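Chain by chain, the residues run as shown.
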Amino acid sequence: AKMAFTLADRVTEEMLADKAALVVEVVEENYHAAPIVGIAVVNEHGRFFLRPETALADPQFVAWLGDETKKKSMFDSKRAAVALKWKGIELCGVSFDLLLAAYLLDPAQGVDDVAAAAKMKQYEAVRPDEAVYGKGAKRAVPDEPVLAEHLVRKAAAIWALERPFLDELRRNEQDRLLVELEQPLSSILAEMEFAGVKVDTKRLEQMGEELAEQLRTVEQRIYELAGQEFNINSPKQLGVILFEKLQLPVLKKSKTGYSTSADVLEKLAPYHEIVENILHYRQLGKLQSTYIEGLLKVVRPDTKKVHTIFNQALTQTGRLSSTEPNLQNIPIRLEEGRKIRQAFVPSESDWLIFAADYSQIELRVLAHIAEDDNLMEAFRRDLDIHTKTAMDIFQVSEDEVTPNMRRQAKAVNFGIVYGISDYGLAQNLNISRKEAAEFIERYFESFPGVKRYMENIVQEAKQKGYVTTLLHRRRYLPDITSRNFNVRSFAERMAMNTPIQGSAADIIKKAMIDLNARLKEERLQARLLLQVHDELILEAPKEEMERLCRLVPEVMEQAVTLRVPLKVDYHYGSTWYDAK
DNA sequence: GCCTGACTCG
DNA sequence: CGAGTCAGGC
Ligand SMILES: OC[C@H]1O[C@@](CO)(O[C@H]2O[C@H](CO)[C@@H](O)[C@H](O)[C@H]2O)[C@@H](O)[C@@H]1O
């Protein structure tokens, strides 16, 4: 059954109402330098479909888009705006992003189109996108008539659904979160994505040749030791060589076969020389295949930059995600791997790279919400939390605490943050469940408030059906009452874990809002590039480094006021590698 | 076209 | 506990 709409051949003064539901269709998954297949407006005067060539040539339309005084309602506006920036066009005045409104209501729904968002309010008038454009190889843009109806139907939805969603967000006390946090942050992400991060490709290609060389050296050693050749990247194949051919012990079996995960390979090391080499191989293979090669083919030959997409509405906790490529997971922990970060340089000559990161933010978040006295005091004095923890559970003095002790006390801390599993803590520290429990038991004695919180958060999450972060983000946990022990336990952990991970998310996001404003006031050329959950990265002129040092941490540290101080450590340098 | 297994970062 | 990317197997 048709929907009435005008397939325009020219822009009109009634298409430019000061409030409209706007659709700008980008079908490309990666919207950087990707085409715009159609436009559609819906407002008090009617519904119109515009062809991009027509719309995006006209001053009145292009002016309306950019006009902040004209209000747009959209679904996934960041997509559009970033896409428009690649054509030299500002998209402003967007005052309601439906995708964001759905994500806040229930992160679990996996809302990723207008239909998905729509179904949530018993609106079935619009088809899903996967339905219209197909999937994979046969994926295609249909003929104008089919397309035009669809775009209008989404616009129609967005128009119809705005008020209803905003009503709910209100009821939840999430109206401010959407309007004053998630929506603005979206603008900033759009600037960060479009800005991109400059890559020194020749550096990487050099590293490529080096890594390649060592691989052939290492791999060849394996065939020598293995007594034959085989595909080392094949789990099944390797398993045959190790567990059958060389007769090593089977310490763990994966669901489909044998586990060759590093943790296992470590224990097998003493038995045969080959195990150590496979480990060396994997890290060398990983750096090469993913971080050197995978990185190279996602650089635009024009800008010589990498432009990631930050998925803002995907995570269950309120965190961000990074894709094509994921810049949130570039190796740091191991030095050989870390040097890859050398290929990440400033955009403009005589500029530097700046990094600002929170110190133990998740644990600071815990002290506040949990109201543990021993935790707050520790942080108020700015102690090393892992040593302190270590001191309390072993009943020792700093002098007594040894590196192994700190490593363990740390595990408990990350465990305590990640929900509490003896299985997990034992698996992690390589010990018996009965042990991990004695640790956890002694922990709760050291921090009775942190215990009390874990109890209450599970009980509230049961009584309410969800848990809320510091800003009023939400995660529904229906398996909290499940009769299955395992299923119930996972939700239990999430119950405890989510207000931490999400509140840490909330703060960094708030920081960014404040950070942008400040950068604007000071008229600094310093710009945000990346965010990695607990840290931000900028690039500014060498001349600005001294003011940033005073500004960036303060704004981060002042984002919110907790019962403990926030602590921001910073670093700058020529390359990303040198920001540390 | 998906799933798996291993490994990368917070 | 969150995420994402590659190879191989199917
Ligand atoms: O543009 C990000 C936005 O798009 C969604 C779909 O609504 O995800 C699509 O695009 C992502 C980035 O290109 C892909 O990772 C994903 O596969 C694709 O569905 C949302 O998830 C996201 O908020």
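For this entry, the PDB record names X-ray crystallography as the structure determination method and reports a resolution of 3.05 Å.

1. Side note on the site of the ligand
Contacts to the ligand come from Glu 29, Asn 30, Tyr 31, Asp 76, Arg 79, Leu 99, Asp 112, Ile 309 and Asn 311. In this structure, an oxygen atom belonging to the ligand sits 3.1 Å away from a side-chain N or O atom of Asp 76. Notes on the ligand: free accessible area 470 Å², of which the protein chains cover 76%. Residue classes in the shell around the ligand are distributed as three nonpolar, two polar and four charged.

2. Regarding the side chain of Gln 183
One can find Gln 183 in helix α8 (residues 175–195). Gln 183 has contacts with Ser 95, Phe 96, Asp 97, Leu 100 and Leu 178, leaving out every residue within four places of it along the chain.

3. Quick notes on the protein's contact with DNA strand B
Near DNA strand B you find 21 residues, and of these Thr 256, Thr 260, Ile 332, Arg 333 and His 533 are the closest. Counting only atoms of DNA strand B within 4 Å of the protein, the fraction found in sugar and phosphate groups is 79%. One of the backbone N or O atoms of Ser 261 is found 3.1 Å from a phosphate oxygen in DNA strand B. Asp 534 places a polar side-chain atom, nitrogen or oxygen, 3.3 Å from a sugar or linking oxygen of DNA strand B. Among the elements that make up the surface near DNA strand B, the one with the highest residue count is helix α12 (residues 273–296) (three residues). Looking at the surface near DNA strand B residue by residue, the class counts come to seven nonpolar, eight polar and six charged.

Rules used throughout
Residues numbered from 1 in each chain as written, not as in the entry; some residues may be left out. Chains lettered and ligands numbered in written order. Heavy atoms only, no water. Residues with missing side-chain atoms left out of burial classes, pairs and counts. Near = heavy atom within 4 Å. Polar contact = N/O pair within 3.5 Å; in protein donor to acceptor, adjacent residues only side chain to side chain. Areas by Shrake-Rupley, 256 points an atom, 1.4 Å probe, with all protein chains shown as cover. Nonpolar A, V, L, I, M, F, W, Y, C, P; charged D, E, K, R; others polar. Helix = DSSP H or I, 4+ residues; strand = E, 2+ residues; numbered from the N terminus. Contact = heavy atoms within 4.5 Å.

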